[PDB]
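Numbering (the entry's author numbering), first residue to last: 1 to 36.
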Ligand SMILES: *[C@H]1O[C@H](CO)[C@@H](O)[C@H](O)[C@@H]1O
């Protein structure tokens, strides 16, 4: 699972888009999405 303050899954990011329990994949920027 993607860690806190890391990029979870934005446009172009291929990988584990599911964040760790309690952290939410928030799309901050068009490509930058972060697990908060
Ligand atoms: C890998 O997966 C990511 C998932 O967000 C895509 O954005 C990318 O285009 C590729 O399919």
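Quick reminder that beta carbons are idealized off the backbone N, C-alpha and C, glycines included.
Ligand 1 never approaches residue 32 closely enough for any of its heavy atoms to be under 6 Å from the residue's Cβ.
Between residue 3 and residue 25 the beta-carbon gap is near 11 Å, outside 8 Å, which marks them as no contact. The distance from the Cβ of residue 31 to that of residue 15 is about 13 Å, inconsistent with a contact at the 8 Å cut-off. Note that the C-beta distance between residue 1 and residue 18 is below 7 Å.
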